[PDB]
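Participant: Quick one: the structure is below, questions incoming.
The values are calculated or read from the model by the stated rules, or taken from the named source; no laboratory instrument gave them. Ideal geometry is used to build each Cβ from the backbone, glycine not excepted, and the neighbour counts take in all protein chains shown.
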Amino acid sequence: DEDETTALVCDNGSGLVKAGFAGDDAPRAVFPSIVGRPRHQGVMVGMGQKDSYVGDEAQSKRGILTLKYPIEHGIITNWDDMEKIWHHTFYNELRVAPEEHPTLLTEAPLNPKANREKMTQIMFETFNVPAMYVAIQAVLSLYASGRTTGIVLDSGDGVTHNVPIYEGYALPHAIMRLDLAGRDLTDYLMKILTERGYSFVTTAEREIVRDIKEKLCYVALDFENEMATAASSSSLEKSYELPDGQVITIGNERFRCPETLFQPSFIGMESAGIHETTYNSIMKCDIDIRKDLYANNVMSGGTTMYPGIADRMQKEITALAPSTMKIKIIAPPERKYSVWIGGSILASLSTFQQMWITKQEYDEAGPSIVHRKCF
Amino acid sequence: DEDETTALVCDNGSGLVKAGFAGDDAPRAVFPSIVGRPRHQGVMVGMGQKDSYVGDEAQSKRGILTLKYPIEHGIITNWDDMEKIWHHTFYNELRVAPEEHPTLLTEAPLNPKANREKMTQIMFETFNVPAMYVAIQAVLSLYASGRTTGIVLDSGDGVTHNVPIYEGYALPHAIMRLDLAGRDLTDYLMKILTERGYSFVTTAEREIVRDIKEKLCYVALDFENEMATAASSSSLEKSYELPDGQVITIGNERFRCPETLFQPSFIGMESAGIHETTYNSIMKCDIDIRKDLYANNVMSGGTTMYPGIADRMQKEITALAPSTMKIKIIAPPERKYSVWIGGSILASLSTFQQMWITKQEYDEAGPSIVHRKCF
Amino acid sequence: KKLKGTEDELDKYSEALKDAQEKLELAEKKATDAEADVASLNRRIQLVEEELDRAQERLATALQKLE
Amino acid sequence: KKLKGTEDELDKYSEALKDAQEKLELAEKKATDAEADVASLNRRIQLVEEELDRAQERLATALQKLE
Ligand SMILES: Nc1ncnc2c1ncn2[C@@H]1O[C@H](COP(=O)(O)OP(=O)(O)O)[C@@H](O)[C@H]1O
Ligand SMILES: Nc1ncnc2c1ncn2[C@@H]1O[C@H](COP(=O)(O)OP(=O)(O)O)[C@@H](O)[C@H]1O
Ligand SMILES: [Mg+2]
Ligand SMILES: [Mg+2]
């Protein structure tokens, strides 16, 4: 722990938890949001026999544990799970006590207000954090980009959000949430791999196939033409070496998996591709600034490490929108940490401690005070 | 079909289509303006496999159809959709042939003249109606009220129109259209319910939440005081039984949804509440008759089935306007059919057939004849 | 045995259907009656409201003329 | 096979009974609300009518005094 009473910066992103100290450039403890629990009961002795398993421990013990998600698309299952994982993060991973450091947290866009009131109340009772602040990840990604104008595409693991912000101002009237995310990607890839001869249901293979998505997946420039040329495609077809050692070969599926988000009709969504969701979002607001939105679009999330989103994005928007002004996307490398960086940025300036949510305000007005203290 | 050659009366209201015969008191075939299409392609056989689904058929088949709106705020997407739905209405629902009956139609206020010319031309070519007349729904609601003086607030599902008419004469200089309507209501309620923990995007839940608006919604007498007392409000908070069986509880939202039309700044409109739009409309015209406009205001539309519009209306107008003369609103029960009733009224009198738009006039002067034949 | 339950349920469900359907007929008839009554009452109270309005303007005229 | 046919009829009655109960309940609640509205609207009409009568006596005296 630093000698100074600097604040805690924790991004509880929908899919990854990244925690550390204020003034740091990158979060120190970063782990996926999976939680493992003993698949069977206790009869043995001498070691183990522990209920909750979180972090890399559960990653190593994936096979023996039922792998469960305490949060999915924002919905909260069991607050005890968050209690334990935050205990682990603060003491076993961050080696910090929350008594002496206020916490800045980031929440998924348009999270329930009742969810905020319950989570804040359990937090304040269970923990002894001196002060509090929670913010939407959209403005955090904006801060990471450091440009007040643009539309943020936050692609988490449970929801994809499109949020327009012009000159550092939120536009909730033109903000939308789409239920397509990593979960859907894994599902669709699971069914295609089932049609390829490999049919698995458990979560270990879920992580294997999301790793495959991280490594080999394409974003098709032209879809049906690329499957037409991918009929044989000995060179274009790509293989992976699974940890057991078998060589699993995939061809068109590499660019047929992210295409489900672009073409939702593959597995039955009324909503069109996410580019249509950015398009409608843009026109809902006044006409004039729309061009700037076209030229200032930002994309954020862990998924963004994949190739192909930028070219597809620009080409389709130019197809939909007039091609007079030039559209260009901006995306700094390793932007999944960017939100946490913005949290540090929030703690950088000396005005931030004017609106810390202190203990006594919550003791006076209950959780309801946040309704007036954040917004 | 009646032995007599009486005319067809069809109200294509922005949100509902109500069709029947002249001389009838209520329209026979009434259906919402939603249109369903197959969400996927055809591989099965033995039943179904039909493209267009309209009326109660689509209402029953909402889940497997992409639900699309052939008209939104007056704008026309695809004339083929109107062709099919009119075919369905005339033959499958009204069991009538348009060959032997002239048609009286009602159109949304200030509808495009190009829209009128194209719709009339496709109509005359596709169909074989002997004669035609189309009128604005404002004077139809006036006829339903049967009083030549008043300002009509037409609250459709795409637009809300304020139109003043004094002694049975239209005042286009003081007529305005506001882009707030049922769509906005559903949207705003969708985002609030998202903040309540329930986040849906599809149209089935759109119809569920508009049903909730039909049943439980309030119009707040005082807004912030009613949320202040609605903090707990065990009695004031009201619940609904969704068809799946879950009990969904809503409190202040009941009167925080229609308030948005009155308070557009909630989701960002420069225009103030609709009462301001009626106020400005009134002062635009000569001072003297304004008092009569205050005392003769009429409201029309399906939304009017909700409570609270009358009290709010009068109180705010009295706040804005001097309180010497007494302001009173008039609104007959089941006024969403009233327009169609007025259509029957038009066919009641024997002068109406002096200005039927016959086939030969259109054949001579093309569609352009309507420019001289209606106005 | 499976068949006796089949028939037992058939008989019970049949009698329940008759009772439910007669109840439906009476409920529908009462609904139509009361809806017609509601429409007549709505027309009448509209009449009385406008009449009260008429009384108000004429009262105003009398009080200004007297002044 | 006979049992299949009888079960089909049994099923049809089961669904018809469920639908019948729901529609019966909807009609009954609708028309109970309608009858309550009938009584309430009767009282509203009578009160506005008495107000109107009172206005008529006042207005009669008003016209006399004007003259
Ligand atoms: N190094 C990486 N390369 C590619 N994809 C990644 C990488 N790390 C994480 N992801 C993907 O990002 C997803 C988690 O998204 P996350 O960054 O938590 O969203 P948010 O920005 O809302 O917190 C995971 O499902 C995973 O598939
Ligand atoms: N019985 C009802 N009770 C309450 N609201 C209704 C009812 N029927 C229709 N509506 C509302 O009316 C809207 C349709 O308006 P509509 O009557 O078509 O406008 P217009 O008068 O311009 O035709 C729908 O969005 C629906 O929410
Ligand atoms: Mg994200
Ligand atoms: Mg209307």
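Participant: I'd like the full set of residues that are over 30 Å from A:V35 (Cβ atoms) and aromatic (F, W, Y), limited to region A:207-253. It would help to see each step written out before you state the result.
Facilitator: Quick first cut of region A:207-253, residues over 30 Å from A:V35 (Cβ atoms) only: A:218-239, A:247, A:249, A:251-252.
The answer is A:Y218, A:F223.
Okay, residues lined up against (1) more than 17 Å from B:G13 (Cα to Cα); (2) in contact (Cβ under 8 Å) with a residue 24 or more places away in the chain; (3) within 21 Å of the chain's Cα centre (by Cα):
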site	(1), (2), (3)
B:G36	yes, yes, yes
B:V45	yes, no, no
B:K50	yes, no, no
B:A58	yes, yes, yes
B:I76	no, yes, yes
B:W79	no, yes, yes
B:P102	yes, yes, no
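Participant: Still on this structure: Can you go through A:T260, A:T303, A:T278 and tell me which one is in contact with a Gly (Cβ under 8 Å, 6 or more places away or on another chain), hydroxyl-bearing (S, T, Y) and within 20 Å of A:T160 (Cα to Cα)?
Facilitator: On the way: A:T260 fails: in contact with a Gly (Cβ under 8 Å, 6 or more places away or on another chain); A:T278 fails: in contact with a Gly (Cβ under 8 Å, 6 or more places away or on another chain).
After ruling out the rest, the residue left standing is A:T303.
Participant: Taking strands (runs of 3 or more DSSP E) that fall entirely within region A:21-129, which contain at least 2 residues that are under 25 Å from A:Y337 (Cβ atoms)? Show your work before the answer.
Facilitator: Numbers: elements: A:29-32, A:35-38, A:65-68, A:103-107.
Strands (runs of 3 or more DSSP E) meeting the threshold: A:29-32, A:35-38, A:103-107.
Participant: Just one of B:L189, B:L140 is within 13 Å of ligand 2 (Cβ to nearest atom) and within 18 Å of the chain's Cα centre (by Cα); which is it? Let's see the steps before the verdict.
Facilitator: Numbers: B:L189 fails: within 18 Å of the chain's Cα centre (by Cα).
So the residue among B:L189, B:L140 that is within 13 Å of ligand 2 (Cβ to nearest atom) and within 18 Å of the chain's Cα centre (by Cα) is B:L140.
Participant: Further, regarding this structure: Please determine, by comparing only the residues of region A:5-54 that are small (G, A, S) and either more than 27 Å from A:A138 (Cβ to Cβ) or surrounded by fewer than 18 Cβ atoms within 10 Å (Cβ to Cβ) (or both), which one is farthest from ligand 1 (Cβ to nearest atom).
Facilitator: Keep residues of region A:5-54 that are small (G, A, S), which gives A:7, A:13-15, A:19-20, A:22-23, A:26, A:29, A:33, A:36, A:42, A:46, A:48, A:52.
Pick out the ones that are also either more than 27 Å from A:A138 (Cβ to Cβ) or surrounded by fewer than 18 Cβ atoms within 10 Å (Cβ to Cβ) (or both) and you get A:23, A:26, A:36, A:42, A:46, A:48, A:52.
Numbers: A:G23: 21, A:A26: 14, A:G36: 17, A:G42: 32, A:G46: 36, A:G48: 28, A:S52: 20 Å.
It comes out as A:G46.
Participant: Sticking with this one: Under the condition of being within 14 Å of chain A (Cβ to nearest Cβ) and of a type in the set (K, R), which residue from region B:44-91 is nearest to B:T106 (Cα to Cα)? It would help to see each step written out before you state the result.
Facilitator: As a first pass, look at region B:44-91 and keep what is within 14 Å of chain A (Cβ to nearest Cβ): B:58, B:61-69, B:72-73, B:75.
If we keep only those that are of a type in the set (K, R) as well, we get B:61-62, B:68.
Working: B:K61: 29, B:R62: 28, B:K68: 22 Å.
If we take residues in region B:44-91 being within 14 Å of chain A (Cβ to nearest Cβ) and of a type in the set (K, R), then B:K68 is nearest to B:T106 (Cα to Cα).
Participant: Need the failing condition index for C:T32 against (1) facing chain D (nearest Cβ under 9 Å); (2) under 30 Å from D:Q64 (Cβ atoms), just the number.
Facilitator: Here C:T32 clears every test but (2).
Participant: Looking at A:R312 and the list (1) surrounded by 14 or more Cβ atoms within 10 Å (Cβ to Cβ); (2) under 30 Å from A:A131 (Cβ atoms); (3) away from ligand 1 (no atom under 12 Å from the Cβ), which single condition is not satisfied?
Facilitator: It is condition (2) that A:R312 fails.
Participant: Then there's this: I'd like the residue in region B:137-155 that is in contact with a helix residue (DSSP H, G or I) (Cβ under 8 Å, 6 or more places away or on another chain) and not in a helix (DSSP H, G or I) and, out of all such residues, is surrounded by the fewest Cβ atoms within 10 Å (Cβ to Cβ).
Facilitator: It comes out as B:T148.
Participant: Give the residues of region B:239-279 that are in contact with a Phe, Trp or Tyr (Cβ under 7 Å, 6 or more places away or on another chain) and in a loop (DSSP other than H, G, I, E, B), sorted by residue number.
Facilitator: Residues satisfying the conditions are B:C257, B:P258, B:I267, B:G273.
Participant: Whether any residue in region A:341-356 is β-branched (V, I, T), under 27 Å from the mean Cα position of the chain (by Cα) and within 16 Å of ligand 1 (Cβ to nearest atom) is what I want to check. Reasoning before the result, please.
Facilitator: First, pick out the residues of region A:341-356 that are β-branched (V, I, T): A:341, A:345, A:351.
Applying the additional criterion that residues be under 27 Å from the mean Cα position of the chain (by Cα) yields A:341, A:345.
Right, trim to within 16 Å of ligand 1 (Cβ to nearest atom) and you get A:341.
Within region A:341-356, one or more residues are β-branched (V, I, T), under 27 Å from the mean Cα position of the chain (by Cα) and within 16 Å of ligand 1 (Cβ to nearest atom).
Participant: Quick one: would you say A:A181 is within 28 Å of A:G23 (Cβ to Cβ), surrounded by 17 or more Cβ atoms within 10 Å (Cβ to Cβ) and outside the structural domain of A:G23 (by CATH)?
Facilitator: No, not satisfied.
Participant: Kindly check whether there is at least one residue in region B:162-176 that is within 14 Å of chain A (Cβ to nearest Cβ), crowded, with 18+ Cβ neighbours inside 10 Å, in contact (Cβ under 8 Å) with a residue 60 or more places away in the chain and within 30 Å of B:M283 (Cβ to Cβ). Show your work before the answer.
Facilitator: Step one: list which residues in region B:162-176 are within 14 Å of chain A (Cβ to nearest Cβ), which gives none.
Scanning region B:162-176, I find no residue that is within 14 Å of chain A (Cβ to nearest Cβ), crowded, with 18+ Cβ neighbours inside 10 Å, in contact (Cβ under 8 Å) with a residue 60 or more places away in the chain and within 30 Å of B:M283 (Cβ to Cβ), so the answer is no.
Participant: Ok, one more. Condition first: hydrophobic (A, V, I, L, M, F, W, C) and in a strand (DSSP E or B). Can you find one or more residues in region B:180-193 that meet it? Don't jump to the end; show me each part of the working.
Facilitator: First, the residues of region B:180-193 that are hydrophobic (A, V, I, L, M, F, W, C): B:180-181, B:185, B:189-190, B:192-193.
With in a strand (DSSP E or B) added as a condition, the list becomes none.
For region B:180-193, residues hydrophobic (A, V, I, L, M, F, W, C) and in a strand (DSSP E or B): absent.
Matching residues to (1) more than 24 Å from the chain's Cα centre (by Cα); (2) surrounded by 13 or more Cβ atoms within 10 Å (Cβ to Cβ):
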| position | (1), (2) |
| --- | --- |
| D:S14 | yes, yes |
| D:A31 | no, yes |
| D:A36 | no, no |
| D:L47 | no, no |
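Participant: Taking region B:1-42, which residues are among the hydrophobic types (A, V, I, L, M, F, W, C), more than 16 Å from ligand 2 (Cβ to nearest atom) and within 14 Å of chain A (Cβ to nearest Cβ)? Quick ask: steps written out before the conclusion?
Facilitator: Just the residues of region B:1-42 that are among the hydrophobic types (A, V, I, L, M, F, W, C), to begin with: B:7-10, B:16-17, B:19, B:21-22, B:26, B:29-31, B:34-35.
If we keep only those that are more than 16 Å from ligand 2 (Cβ to nearest atom) as well, we get B:7-8, B:21-22.
Matches in region B:1-42: none.
Participant: Is one or more of the residues making up region B:149-161 touching a strand residue (DSSP E or B) at 6+ places or on another chain (Cβ under 7 Å), more than 12 Å from ligand 2 (Cβ to nearest atom) and in the same structural domain as B:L178 (by CATH)?
Facilitator: Checking region B:149-161: at least one residue is touching a strand residue (DSSP E or B) at 6+ places or on another chain (Cβ under 7 Å), more than 12 Å from ligand 2 (Cβ to nearest atom) and in the same structural domain as B:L178 (by CATH).
Let's see how each residue does on (1) among the hydrophobic types (A, V, I, L, M, F, W, C); (2) in contact with a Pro (Cβ under 7 Å, 6 or more places away or on another chain); (3) without any contact (Cβ under 8 Å) to a residue 60 or more places away in the chain:
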residue: B:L320; (1), (2), (3): yes, no, yes
residue: B:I330; (1), (2), (3): yes, no, no
residue: B:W340; (1), (2), (3): yes, yes, no
residue: B:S350; (1), (2), (3): no, no, yes
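Participant: Yes or no: A:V152 more than 14 Å from chain B (Cβ to nearest Cβ) and over 24 Å from A:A108 (Cβ atoms)?
Facilitator: Judged against the criteria, A:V152 is not a match.
Participant: Got a number for residues in region B:200-209 being crowded, with 20+ Cβ neighbours inside 10 Å and within 14 Å of chain A (Cβ to nearest Cβ)?
Facilitator: 1
Every residue, every condition in (1) within 14 Å of chain B (Cβ to nearest Cβ); (2) surrounded by 15 or more Cβ atoms within 10 Å (Cβ to Cβ); (3) of a type outside the set (F, W, Y), yes or no:
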site	(1), (2), (3)
A:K215	no, no, yes
A:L221	no, no, yes
A:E224	no, no, yes
A:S234	no, no, yes
A:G251	no, yes, yes
A:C257	no, yes, yes
A:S265	yes, yes, yes
A:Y279	no, yes, no
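Participant: Return a yes/no flag: does region A:285-297 have any residue that is within 14 Å of chain B (Cβ to nearest Cβ) and either in contact (Cβ under 8 Å) with a residue 24 or more places away in the chain or within 16 Å of ligand 2 (Cβ to nearest atom) (or both). Outline the logic, then answer.
Facilitator: From region A:285-297, those within 14 Å of chain B (Cβ to nearest Cβ) are A:285-289; that's our starting set.
If we keep only those that are either in contact (Cβ under 8 Å) with a residue 24 or more places away in the chain or within 16 Å of ligand 2 (Cβ to nearest atom) (or both) too, we end up with A:285, A:289.
Looking through region A:285-297, at least one residue is within 14 Å of chain B (Cβ to nearest Cβ) and either in contact (Cβ under 8 Å) with a residue 24 or more places away in the chain or within 16 Å of ligand 2 (Cβ to nearest atom) (or both).
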